[PDB]
Amino acid sequence: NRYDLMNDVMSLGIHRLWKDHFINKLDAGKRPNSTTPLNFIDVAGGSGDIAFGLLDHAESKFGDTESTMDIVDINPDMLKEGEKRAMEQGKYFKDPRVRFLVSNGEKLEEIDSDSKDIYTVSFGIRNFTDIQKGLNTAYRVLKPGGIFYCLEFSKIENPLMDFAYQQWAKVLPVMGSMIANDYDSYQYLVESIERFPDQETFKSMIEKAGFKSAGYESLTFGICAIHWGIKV
Amino acid sequence: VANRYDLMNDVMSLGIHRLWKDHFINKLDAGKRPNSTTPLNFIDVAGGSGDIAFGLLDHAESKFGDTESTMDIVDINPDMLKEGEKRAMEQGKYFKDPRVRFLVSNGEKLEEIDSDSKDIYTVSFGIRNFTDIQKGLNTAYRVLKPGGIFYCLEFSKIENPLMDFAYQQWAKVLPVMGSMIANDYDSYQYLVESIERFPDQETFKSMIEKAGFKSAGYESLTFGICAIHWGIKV
Ligand SMILES: C[S@@+](CC[C@H](N)C(=O)[O-])C[C@H]1O[C@@H](n2cnc3c(N)ncnc32)[C@H](O)[C@@H]1O
Ligand SMILES: C[S@@+](CC[C@H](N)C(=O)[O-])C[C@H]1O[C@@H](n2cnc3c(N)ncnc32)[C@H](O)[C@@H]1O
């Protein structure tokens with residue numbers, strides 16, 4: 001919930017709409033005239049907004065109740081909350097299709113090479129101590145024709161909006177400290193967005209990982225962005 | 001609609017509003033004691049979603065074993081009360097319960113609520129939206145029994161100058177991000193202005209005393225970003 005709250009606050013809840021757009025744009029899932037089940041992997045899943053979102057979208061639009069989902073997070077306490085959310089909604093709790101896994105996105109040692117059709121990472125890759133290694137691991141995990149999809153904060157192009165965002169980013173750790181004694185969380189959040197490579201640099205890092213037909217779509221003037229790539 | 005209100009609460013308090021509400025319920029400490037046989041009559045106003053209402057009944061059950069006290073959840077917005085009924089259904093508690101009623105009504109008048117029928121009156125972050133605050137306080141006095149308790153959780157005036165300074169920068173930038181990210185300057189500016197025009201701790205206390213309440217008082221929370229105000233009928 002700590003990350004849920006910071007995402008709610010930083011984006012004023014609009015991250016929900018970014019996630020809805022992200023899922024609809026990817027448009028992943030087993031088509032009705034096919035019996036091959038897709039193997040999803042959602043890295044840095046946390047409470048599971050994307051993982052459950054992908055599964056829900058695949059069912060309602062395609063009638064897919066076959067595809068498997070691996071939800072991966074480095075933090076066991078963050079993962080548990082995802083499974084805790086799964087029981088209360090009562091849909092993906094104790095489901096053979098859905099696996100919760102404690103693992104580092106830079107390694108993913110438990111995952112087999114060339115085993116996954118769809119890789120997603122949503123607002124998590126910026127927290128990786130090594131972003132490139134995580135991108136290389138993403139490539140390793142996917143099989144030919146596999147789609148990499150990333151939702152993450154980015155660079156705001158417009159100077160006025162960026163200037164307003166910087167002040168927002170300045171006042172957040174101050175307010176987080178005074179009200180919630182949470183300076184470190186908000187400062188690390190703000191600094192992780194600042195350090196993160198812009199739309200073009202990140203695209204190059206995705207290409208450097210080995211992905212082809214790589215591109216991006218800046219959302220809400222580039223406060224965040226959707227990056228993609230296809231294997232081979 | 002209720003999601004929108006939960007979001008603005010999270011954003012303005014940075015998620016701390018849940019700690020305010022838990023302190024609010026714990027401080028009130030309401031419920032039929034195990035040495036008593038008389039159930040209490042609760043009224044909750046301007047909280048159709050049920051955050052405080054469900055919390056009050058849960059607390060009374062947990063601490064005292066009180067599973068008999070009645071609760072009237074009152075909101076002017078029918079959409080908010082639908083969500084509360086949806087919450088109660090999905091919760092598996094307080095849905096289709098004779099103890100719990102969901103009622104459409106204006107908090108300034110509470111016409112469907114009889115005089116001297118309630119033991120506890122609670123309003124949480126809703127009274128600042130009342131077009132006339134005094135009318136709401138007078139009505140709260142009317143529905144309460146002798147010995148009835150008025151309890152209020154609402155945004156207030158910050159008493160810590162450094163917290164105030166930080167808040168003023170917050171209040172300026174927040175609606176700007178509202179306009180830029182959410183395409184919604186109005187809601188956030190309206191929220192900031194509704195907090196600004198609300199009476200301070202001493203003024204609101206006076207208004208509660210003008211309603212007729214005795215032994216009135218307040219406790220500032222988080223440097224006075226919000227406050228708990230109370231009053232006892234006779
Ligand atoms: C804001 S959340 C993202 C949750 C969810 N994907 C969303 O968009 O709301 C960040 C999550 O990434 C996880 N994380 C951070 N570093 C990681 C790493 N190296 N490998 C896997 N997960 C990581 C954190 O534990 C945290 O739960
Ligand atoms: C932000 S919410 C309250 C937040 C949360 N549900 C709680 O009680 O802590 C404000 C609520 O007060 C209600 N409200 C506003 N003006 C009112 C009035 N004059 N009478 C009754 N309810 C009112 C609104 O419909 C809205 O649902």
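Heavy-atom basis, side chains included; hydrogens, waters and symmetry copies ignored. Residue numbers start from 1 in every chain, and the chains themselves are labelled A, B, ... in the order their sequence lines are given, proteins ahead of strands. Atoms within each ligand, like the ligands themselves, are counted from 1 in listed order.
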A.B. asks: For atom 1 (C) of ligand 2, what is the nearest protein heavy atom, given as residue, atom name and distance?
C.D. replies: B/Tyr5 CD2, 3.4 Å
A.B. asks: Side-chain atoms of residues 40-51 of chain B: list all donor-acceptor pairs with protein atoms under 3.5 Å, sequence neighbours left out, distances to 0.1 Å.
C.D. replies:
residue: B/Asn41; atom: OD1; partner: B/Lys145; partner atom: NZ; Å: 3.2
residue: B/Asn41; atom: ND2; partner: B/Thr70; partner atom: OG1; Å: 2.7
residue: B/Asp44; atom: OD1; partner: B/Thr122; partner atom: OG1; Å: 2.8

A.B. asks: Judged on heavy-atom distance to atom 21 (C) of ligand 1, which of A/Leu5, A/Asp42, A/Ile74, A/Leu108 sits nearest?
C.D. replies: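 Looking at heavy atoms only, A/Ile74 sits closest to atom 21 (C) of ligand 1.
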A.B. asks: Run the numbers for me: atoms of ligand 1, each under 4.0 Å from some heavy atom of A/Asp49, listed by number.
C.D. replies: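 It comes down to these atoms of ligand 1: 9 (O).
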A.B. asks: Among all protein non-hydrogen atoms, which one is nearest to atom 15 (C) of ligand 2, and what is the separation to 0.1 Å?
C.D. replies: B/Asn129 CB, 3.8 Å
A.B. asks: Geometry only, no angles: is B/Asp75 polar-contacting ligand 2 at N/O separations under 3.5 Å?
C.D. replies: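 Yes - when backbone and side-chain N and O of B/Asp75 are compared with those of ligand 2, one distance drops under 3.5 Å.
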A.B. asks: More than 12 heavy atoms of other residues, nucleotides or ligands under 6.0 Å from CG of B/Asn183: is that the case?
C.D. replies: no
A.B. asks: Counting only heavy atoms closer than 4.0 Å, does ligand 2 sit against the backbone of B/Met8, its side chain, both, or neither?
C.D. replies: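 It is neither; nothing of B/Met8 touches ligand 2.
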A.B. asks: Looking only at N/O atoms, are B/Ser124 and ligand 2 under 3.5 Å apart anywhere?
C.D. replies: yes
A.B. asks: Checking A/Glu83 side chain against A/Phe100 main chain: does a donor-acceptor pair fall under 3.5 Å?
C.D. replies: no
A.B. asks: For a quick test of your reading: what N or O donor-acceptor pairs under 3.5 Å do the side chains of residues 109-116 of chain B make, sequence neighbours left out?
C.D. replies:
residue: B/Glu112; atom: OE1; partner: B/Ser105; partner atom: OG; Å: 2.6
residue: B/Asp116; atom: OD2; partner: B/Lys233; partner atom: NZ; Å: 3.0

A.B. asks: Have a look at A/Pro76, A/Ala44, A/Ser47, A/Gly45 and point out the one with the heavy atom closest to atom 12 (O) of ligand 1.
C.D. replies: A/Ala44
A.B. asks: Is the number of heavy atoms from other residues, nucleotides or ligands within 6.0 Å of CZ (B/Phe95) greater than 12?
C.D. replies: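 Enclosed.
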A.B. asks: Between A/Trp168 and A/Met10, is there a donor-acceptor pair closer than 3.5 Å when you use the side chain of the first and the backbone of the second?
C.D. replies: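 Yes, because the side chain of A/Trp168 sits within donor-acceptor range (under 3.5 Å) of the backbone of A/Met10.
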A.B. asks: Got the closest protein heavy atom to atom 20 (N) of ligand 2, with its distance?
C.D. replies: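 Nearest neighbour among protein heavy atoms for atom 20 (N) of ligand 2, to 0.1 Å: B/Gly107 N, 2.9 Å.
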A.B. asks: Give the contacting part of A/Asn7 toward ligand 1: side chain, backbone, both or neither, where contact means a heavy-atom distance below 4.0 Å.
C.D. replies: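 Only the side chain of A/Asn7 comes within reach of ligand 1.
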A.B. asks: Can you list the ligand 2 atoms lying under 4.0 Å from a non-hydrogen atom of B/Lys21?
C.D. replies: 9 (O)
A.B. asks: With a 4.0 Å cut-off, would you call A/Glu81 and A/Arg85 a salt bridge?
C.D. replies: no
A.B. asks: For A/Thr220 and A/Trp18, which I'm curious about, is there any donor-acceptor pair between the side chains at under 3.5 Å?
C.D. replies: yes
A.B. asks: For the 3.5 Å polar cut-off, considering only N or O atoms, please tell me whether B/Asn106 and ligand 2 meet it.
C.D. replies: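 Yes; the residue has a nitrogen or oxygen that sits under 3.5 Å from a nitrogen or oxygen of the ligand.
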A.B. asks: Has A/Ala51 got any heavy atom lying under 4.0 angstrom from an atom of ligand 1?
C.D. replies: no
A.B. asks: B/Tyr121 and B/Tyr141: ring-ring contact (aromatic ring centres under 6.0 Å, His included), yes or no, with the steps?
C.D. replies: CA-CA 9 Å; B/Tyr121 183 111; B/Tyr141 186 84; over 10 Å; no
A.B. asks: Within the 4.0 Å heavy-atom shell around B/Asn77, which atoms of ligand 2 are there?
C.D. replies: 25 (O)
A.B. asks: Going by an N to O cut-off under 4.0 Å, is there a salt bridge joining A/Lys133 and A/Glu106?
C.D. replies: no
A.B. asks: Which atoms of ligand 1 have any heavy atom of A/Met78 under 4.0 Å away?
C.D. replies: 25 (O), 27 (O)
